[PDB]
Amino acid sequence: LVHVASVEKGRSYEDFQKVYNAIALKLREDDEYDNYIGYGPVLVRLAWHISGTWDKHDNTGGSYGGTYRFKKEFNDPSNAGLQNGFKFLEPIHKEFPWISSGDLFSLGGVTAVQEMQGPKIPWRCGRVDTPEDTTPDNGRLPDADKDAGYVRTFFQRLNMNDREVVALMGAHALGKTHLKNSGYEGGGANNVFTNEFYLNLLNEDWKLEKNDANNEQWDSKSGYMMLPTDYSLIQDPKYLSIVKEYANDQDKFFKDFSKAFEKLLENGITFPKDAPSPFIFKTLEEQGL
Ligand code: HEM
Ligand SMILES: CNc1nc2ccccc2[nH]1
């Protein structure tokens, strides 16, 4: 299956910077969401879930088609809670209806990362909405109750290696779990993008416990938590080395995350040779806005 990036007609960098800015300004405005976390974390998660349906073997799923807008995918139990990010983006789409759904969802994640003081993530336009029958079945997003071998095998379907997996999981510094969404009991929450995930894994005192939904999770006396799949990154020796690398080098984490996240968001897409180069958007802070 071949999906060729097609630039929304007549649009260029400045058009997408205005979309970025509208997203970033709403992130600042609607600051009360989720006990003052704001929408940054759920938007990152949304961009990952719309991309993480991809299958390298046949190029089904992926961000290209914008299929999260369809009920089969919108109601995937793995996507419980992402409707909040969808609702956030609705007024942005109403204002800028020329943008494709896939480009909007993916740009939401890029904007959220950068506004939360994370790395710059180059981003490319040209995702094209595809029909309802191209929506992938539920069950392609990962389970949380598994070990390192599961995580490694899982991410091979997304063409991700050990370093890319460990770097992408650092997004779990952001936001929190919610029992009613996923059956995991949240710990301390944050809306600033840092390498704290790896520091916490290494430095905290963890105890395996069973939460009120009967699921196992690792809890620290300081009030943080880790899913079994998070904790697997210090149980496996190859993952552990990389966790230590990122805990000790903020800049290296930022660079590796940026590459892996752009790749995730672009998997499945064929970019023509005359396609525009990737866009690097300015933050509101950089613009004096
Ligand atoms: C093995 C891989 C992964 C598993 C099993 C996993 C599972 C989870 C679970 C169970 C939650 C809690 C959801 C809730 O209760 O609201 C969560 C939250 C989150 N995940 Fe992951 N995840 C994985 C990988 C990733 C990746 C690769 C990214 C991004 C690069 C990411 C970004 C997030 C964000 C930003 C949140 C917080 C959402 C919020 O605060 O609303 N996750 N994830
Ligand atoms: C500290 N915030 C946080 N920890 C998580 C673990 C798993 C999923 C999301 C998370 N957000």
# chains A, B, ... in the order shown; residues from 1 in each chain; ligands from 1

call {"tool": "closest_atom_pairs", "arguments": {"of": "chain A", "to": "ligand 1", "cutoff": "6 Å", "atoms": "only C-alpha atoms and all ligand atoms", "output": "CSV"}}
result
residue,atom,partner,partner_atom_place_in_ligand_line,distance
A:41,CA,ligand 1,35 (C),4.2
A:42,CA,ligand 1,41 (O),3.9
A:44,CA,ligand 1,35 (C),4.8
A:45,CA,ligand 1,35 (C),4.3
A:48,CA,ligand 1,29 (C),5.3
A:81,CA,ligand 1,16 (O),5.7
A:142,CA,ligand 1,5 (C),4.8
A:143,CA,ligand 1,5 (C),4.6
A:144,CA,ligand 1,5 (C),3.6
A:151,CA,ligand 1,1 (C),5.6
A:168,CA,ligand 1,30 (C),4.5
A:169,CA,ligand 1,27 (C),4.9
A:171,CA,ligand 1,29 (C),4.9
A:172,CA,ligand 1,33 (C),5.3
A:174,CA,ligand 1,35 (C),5.2
A:175,CA,ligand 1,40 (O),3.2
A:176,CA,ligand 1,40 (O),4.2
A:177,CA,ligand 1,15 (O),3.6
A:178,CA,ligand 1,15 (O),3.7
A:179,CA,ligand 1,15 (O),5.8
A:181,CA,ligand 1,15 (O),4.4
A:182,CA,ligand 1,15 (O),4.2
A:184,CA,ligand 1,15 (O),5.9
A:229,CA,ligand 1,1 (C),5.6

call {"tool": "residues_around", "arguments": {"residues": "residue 160 of chain A", "least_positions_apart": "4", "cutoff": "12 Å", "atoms": "only C-alpha atoms", "output": "ChimeraX atom specification"}}
result
/A:52,54-56,151-156,164-169,259-261,263-264,267

call {"tool": "closest_residue", "arguments": {"among": "A:136, A:61, A:218, A:98", "to": "residue 75 of chain A", "atoms": "only C-alpha atoms"}}
result
A:136

call {"tool": "residues_around", "arguments": {"residues": "residue 137 of chain A", "least_positions_apart": "5", "cutoff": "10 Å", "atoms": "only C-alpha atoms", "output": "VMD selection string"}}
result
chain A and resid 53 60 to 61 72 to 73 76

call {"tool": "select_by_dssp", "arguments": {"residues": "segment 38-241 of chain A", "states": "helix (DSSP H, G or I)", "output": "PyMOL selection string"}}
result
chain A and resi 40-51+67-69+71-74+77-79+83-95+101-115+132-134+148-156+162-173+179-182+196-203+228-235+237-241

call {"tool": "residues_around", "arguments": {"residues": "residue 93 of chain A", "least_positions_apart": "4", "cutoff": "12 Å", "atoms": "only C-alpha atoms", "output": "ChimeraX atom specification"}}
result
/A:18-20,22-23,86-89,97-105,107-108

call {"tool": "write_last_selection", "arguments": {"atoms": "N, CA and C atoms", "output": "PDB file, in the first residue's frame"}}
result
ATOM      1  N   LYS A  18       0.913  29.326  11.592  1.00  0.00           N
ATOM      2  CA  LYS A  18      -0.318  29.896  12.176  1.00  0.00           C
ATOM      3  C   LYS A  18      -1.128  28.837  12.881  1.00  0.00           C
ATOM      4  N   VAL A  19      -1.137  27.600  12.346  1.00  0.00           N
ATOM      5  CA  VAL A  19      -1.849  26.503  13.000  1.00  0.00           C
ATOM      6  C   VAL A  19      -1.134  26.159  14.306  1.00  0.00           C
ATOM      7  N   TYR A  20       0.181  25.955  14.220  1.00  0.00           N
ATOM      8  CA  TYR A  20       1.011  25.791  15.412  1.00  0.00           C
ATOM      9  C   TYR A  20       0.679  26.849  16.475  1.00  0.00           C
ATOM     10  N   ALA A  22      -1.963  28.751  16.937  1.00  0.00           N
ATOM     11  CA  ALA A  22      -3.318  28.649  17.477  1.00  0.00           C
ATOM     12  C   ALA A  22      -3.388  27.522  18.510  1.00  0.00           C
ATOM     13  N   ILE A  23      -2.789  26.379  18.166  1.00  0.00           N
ATOM     14  CA  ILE A  23      -2.618  25.278  19.120  1.00  0.00           C
ATOM     15  C   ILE A  23      -1.897  25.736  20.395  1.00  0.00           C
ATOM     16  N   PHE A  86      -8.868  15.254  21.095  1.00  0.00           N
ATOM     17  CA  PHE A  86      -9.717  15.486  19.923  1.00  0.00           C
ATOM     18  C   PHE A  86     -10.580  16.730  20.120  1.00  0.00           C
ATOM     19  N   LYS A  87     -11.228  16.828  21.280  1.00  0.00           N
ATOM     20  CA  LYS A  87     -12.098  17.982  21.549  1.00  0.00           C
ATOM     21  C   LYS A  87     -11.334  19.297  21.587  1.00  0.00           C
ATOM     22  N   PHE A  88     -10.135  19.287  22.166  1.00  0.00           N
ATOM     23  CA  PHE A  88      -9.223  20.447  22.111  1.00  0.00           C
ATOM     24  C   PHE A  88      -8.957  20.939  20.697  1.00  0.00           C
ATOM     25  N   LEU A  89      -8.663  20.000  19.790  1.00  0.00           N
ATOM     26  CA  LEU A  89      -8.291  20.327  18.432  1.00  0.00           C
ATOM     27  C   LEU A  89      -9.491  20.746  17.565  1.00  0.00           C
ATOM     28  N   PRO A  97      -9.740  24.888   8.369  1.00  0.00           N
ATOM     29  CA  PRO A  97     -10.300  23.647   7.863  1.00  0.00           C
ATOM     30  C   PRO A  97      -9.587  23.056   6.638  1.00  0.00           C
ATOM     31  N   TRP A  98      -8.640  23.809   6.084  1.00  0.00           N
ATOM     32  CA  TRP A  98      -7.825  23.375   4.968  1.00  0.00           C
ATOM     33  C   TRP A  98      -6.862  22.280   5.371  1.00  0.00           C
ATOM     34  N   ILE A  99      -6.533  22.153   6.659  1.00  0.00           N
ATOM     35  CA  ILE A  99      -5.520  21.150   7.072  1.00  0.00           C
ATOM     36  C   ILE A  99      -6.135  19.779   7.121  1.00  0.00           C
ATOM     37  N   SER A 100      -5.369  18.755   6.713  1.00  0.00           N
ATOM     38  CA  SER A 100      -5.836  17.374   6.845  1.00  0.00           C
ATOM     39  C   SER A 100      -5.878  16.929   8.310  1.00  0.00           C
ATOM     40  N   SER A 101      -6.645  15.882   8.587  1.00  0.00           N
ATOM     41  CA  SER A 101      -6.827  15.397   9.960  1.00  0.00           C
ATOM     42  C   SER A 101      -5.503  14.830  10.501  1.00  0.00           C
ATOM     43  N   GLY A 102      -4.846  14.002   9.693  1.00  0.00           N
ATOM     44  CA  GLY A 102      -3.523  13.471  10.050  1.00  0.00           C
ATOM     45  C   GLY A 102      -2.451  14.532  10.306  1.00  0.00           C
ATOM     46  N   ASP A 103      -2.436  15.571   9.482  1.00  0.00           N
ATOM     47  CA  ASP A 103      -1.498  16.642   9.673  1.00  0.00           C
ATOM     48  C   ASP A 103      -1.873  17.365  10.994  1.00  0.00           C
ATOM     49  N   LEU A 104      -3.160  17.598  11.235  1.00  0.00           N
ATOM     50  CA  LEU A 104      -3.568  18.275  12.489  1.00  0.00           C
ATOM     51  C   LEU A 104      -3.183  17.463  13.741  1.00  0.00           C
ATOM     52  N   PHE A 105      -3.500  16.175  13.763  1.00  0.00           N
ATOM     53  CA  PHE A 105      -3.231  15.340  14.927  1.00  0.00           C
ATOM     54  C   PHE A 105      -1.726  15.304  15.183  1.00  0.00           C
ATOM     55  N   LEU A 107       0.674  17.442  14.085  1.00  0.00           N
ATOM     56  CA  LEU A 107       1.159  18.763  14.467  1.00  0.00           C
ATOM     57  C   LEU A 107       0.801  19.141  15.932  1.00  0.00           C
ATOM     58  N   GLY A 108      -0.328  18.670  16.425  1.00  0.00           N
ATOM     59  CA  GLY A 108      -0.704  18.824  17.855  1.00  0.00           C
ATOM     60  C   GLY A 108       0.357  18.275  18.801  1.00  0.00           C
TER      61      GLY A 108
END

call {"tool": "residues_around", "arguments": {"residues": "segment 1-8 of chain A", "least_positions_apart": "6", "cutoff": "9 Å", "atoms": "only C-alpha atoms", "output": "PyMOL selection string"}}
result
chain A and resi 58-60+64-65+98-100+124-128+268-272+275-276

call {"tool": "write_last_selection", "arguments": {"atoms": "N, CA and C atoms", "output": "mmCIF file, in the first residue's frame"}}
result
data_model
loop_
_atom_site.group_PDB
_atom_site.id
_atom_site.type_symbol
_atom_site.label_atom_id
_atom_site.label_comp_id
_atom_site.auth_asym_id
_atom_site.auth_seq_id
_atom_site.Cartn_x
_atom_site.Cartn_y
_atom_site.Cartn_z
ATOM 1 N N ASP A 58 2.598 -4.290 5.726
ATOM 2 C CA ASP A 58 1.655 -4.006 4.632
ATOM 3 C C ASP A 58 1.269 -2.544 4.524
ATOM 4 N N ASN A 59 1.908 -1.699 5.338
ATOM 5 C CA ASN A 59 1.588 -0.273 5.397
ATOM 6 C C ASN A 59 0.115 0.056 5.705
ATOM 7 N N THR A 60 -0.559 -0.797 6.477
ATOM 8 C CA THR A 60 -1.841 -0.448 7.066
ATOM 9 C C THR A 60 -1.626 0.456 8.302
ATOM 10 N N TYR A 64 -1.067 8.767 8.290
ATOM 11 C CA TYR A 64 -1.413 9.369 6.989
ATOM 12 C C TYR A 64 -2.901 9.668 6.783
ATOM 13 N N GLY A 65 -3.715 8.656 7.037
ATOM 14 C CA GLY A 65 -5.137 8.686 6.671
ATOM 15 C C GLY A 65 -6.080 9.428 7.631
ATOM 16 N N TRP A 98 -8.640 23.809 6.084
ATOM 17 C CA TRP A 98 -7.825 23.375 4.968
ATOM 18 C C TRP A 98 -6.862 22.280 5.371
ATOM 19 N N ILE A 99 -6.533 22.153 6.659
ATOM 20 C CA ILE A 99 -5.520 21.150 7.072
ATOM 21 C C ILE A 99 -6.135 19.779 7.121
ATOM 22 N N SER A 100 -5.369 18.755 6.713
ATOM 23 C CA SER A 100 -5.836 17.374 6.845
ATOM 24 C C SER A 100 -5.878 16.929 8.310
ATOM 25 N N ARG A 124 6.638 17.468 8.697
ATOM 26 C CA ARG A 124 6.309 17.528 7.284
ATOM 27 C C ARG A 124 4.808 17.404 7.081
ATOM 28 N N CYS A 125 4.285 18.235 6.178
ATOM 29 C CA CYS A 125 2.886 18.226 5.829
ATOM 30 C C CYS A 125 2.613 17.229 4.712
ATOM 31 N N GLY A 126 1.327 17.036 4.432
ATOM 32 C CA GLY A 126 0.928 16.251 3.239
ATOM 33 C C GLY A 126 0.184 14.963 3.481
ATOM 34 N N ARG A 127 -0.152 14.678 4.746
ATOM 35 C CA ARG A 127 -1.030 13.549 5.066
ATOM 36 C C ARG A 127 -2.411 13.849 4.428
ATOM 37 N N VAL A 128 -3.087 12.823 3.891
ATOM 38 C CA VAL A 128 -4.392 12.964 3.166
ATOM 39 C C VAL A 128 -5.440 12.040 3.780
ATOM 40 N N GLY A 268 5.173 5.193 7.090
ATOM 41 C CA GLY A 268 4.116 4.830 6.133
ATOM 42 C C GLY A 268 3.964 5.837 5.012
ATOM 43 N N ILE A 269 4.617 6.986 5.137
ATOM 44 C CA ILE A 269 4.408 8.082 4.184
ATOM 45 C C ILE A 269 5.561 8.100 3.194
ATOM 46 N N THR A 270 5.248 8.143 1.896
ATOM 47 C CA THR A 270 6.214 8.408 0.834
ATOM 48 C C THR A 270 6.261 9.882 0.494
ATOM 49 N N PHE A 271 7.424 10.518 0.688
ATOM 50 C CA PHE A 271 7.613 11.922 0.356
ATOM 51 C C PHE A 271 8.234 12.048 -1.039
ATOM 52 N N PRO A 272 7.501 12.679 -1.985
ATOM 53 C CA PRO A 272 8.099 12.883 -3.318
ATOM 54 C C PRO A 272 9.394 13.642 -3.245
ATOM 55 N N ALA A 275 9.111 17.343 -2.676
ATOM 56 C CA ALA A 275 8.340 17.756 -1.483
ATOM 57 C C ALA A 275 9.128 18.821 -0.761
ATOM 58 N N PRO A 276 8.441 19.730 -0.046
ATOM 59 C CA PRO A 276 9.164 20.703 0.777
ATOM 60 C C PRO A 276 10.038 20.001 1.826
#

call {"tool": "select_by_dssp", "arguments": {"residues": "segment 48-211 of chain A", "states": "strand (DSSP E or B)", "output": "list in words"}}
result
residues 55, 60, 123, 175, 190, 206, 207, 208, 209 and 210 of chain A

call {"tool": "write_last_selection", "arguments": {"atoms": "C-alpha atoms", "output": "PDB file, in the first residue's frame"}}
result
ATOM      1  CA  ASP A  55       2.264  -2.010  10.362  1.00  0.00           C
ATOM      2  CA  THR A  60      -1.841  -0.448   7.066  1.00  0.00           C
ATOM      3  CA  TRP A 123       7.504  18.167  10.830  1.00  0.00           C
ATOM      4  CA  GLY A 175       1.112  13.821  32.240  1.00  0.00           C
ATOM      5  CA  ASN A 190       4.209  17.109  34.991  1.00  0.00           C
ATOM      6  CA  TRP A 206      10.389   1.150  43.659  1.00  0.00           C
ATOM      7  CA  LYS A 207       7.960  -1.408  45.052  1.00  0.00           C
ATOM      8  CA  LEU A 208       5.679  -3.656  42.947  1.00  0.00           C
ATOM      9  CA  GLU A 209       2.023  -3.223  44.024  1.00  0.00           C
ATOM     10  CA  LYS A 210      -1.428  -4.041  42.791  1.00  0.00           C
TER      11      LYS A 210
END

call {"tool": "closest_residue", "arguments": {"among": "A:246, A:253, A:224, A:231", "to": "ligand 2", "atoms": "only C-alpha atoms and all ligand atoms"}}
result
A:224

call {"tool": "residues_around", "arguments": {"residues": "residue 205 of chain A", "least_positions_apart": "6", "cutoff": "9 Å", "atoms": "only C-alpha atoms", "output": "ChimeraX atom specification"}}
result
/A:219-222

call {"tool": "write_last_selection", "arguments": {"atoms": "C-alpha atoms", "output": "mmCIF file, in the first residue's frame"}}
result
data_model
loop_
_atom_site.group_PDB
_atom_site.id
_atom_site.type_symbol
_atom_site.label_atom_id
_atom_site.label_comp_id
_atom_site.auth_asym_id
_atom_site.auth_seq_id
_atom_site.Cartn_x
_atom_site.Cartn_y
_atom_site.Cartn_z
ATOM 1 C CA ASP A 219 5.295 2.693 43.007
ATOM 2 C CA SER A 220 7.903 4.849 44.834
ATOM 3 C CA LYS A 221 7.592 6.371 48.312
ATOM 4 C CA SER A 222 7.978 9.794 46.685
#

call {"tool": "residues_around", "arguments": {"residues": "residue 26 of chain A", "least_positions_apart": "4", "cutoff": "10 Å", "atoms": "only C-alpha atoms", "output": "list in words"}}
result
residues 21, 22, 30, 31, 38, 39, 88, 89, 91 and 92 of chain A

call {"tool": "closest_residue", "arguments": {"among": "A:251, A:285, A:241, A:194", "to": "ligand 2", "atoms": "only C-alpha atoms and all ligand atoms"}}
result
A:194

call {"tool": "closest_residue", "arguments": {"among": "A:37, A:202, A:121, A:158", "to": "ligand 2", "atoms": "only C-alpha atoms and all ligand atoms"}}
result
A:37

call {"tool": "closest_residue", "arguments": {"among": "A:192, A:265, A:247, A:148", "to": "ligand 2", "atoms": "only C-alpha atoms and all ligand atoms"}}
result
A:192

call {"tool": "atom_distance", "arguments": {"atom1": "atom CA of residue 232 of chain A", "atom2": "atom CA of residue 163 of chain A"}}
result
14.0 Å

call {"tool": "closest_residue", "arguments": {"among": "A:145, A:115, A:90, A:15", "to": "ligand 2", "atoms": "only C-alpha atoms and all ligand atoms"}}
result
A:145

call {"tool": "atom_distance", "arguments": {"atom1": "atom CA of residue 278 of chain A", "atom2": "atom CA of residue 122 of chain A"}}
result
5.5 Å

call {"tool": "atom_distance", "arguments": {"atom1": "atom CA of residue 197 of chain A", "atom2": "atom CA of residue 77 of chain A"}}
result
25.2 Å
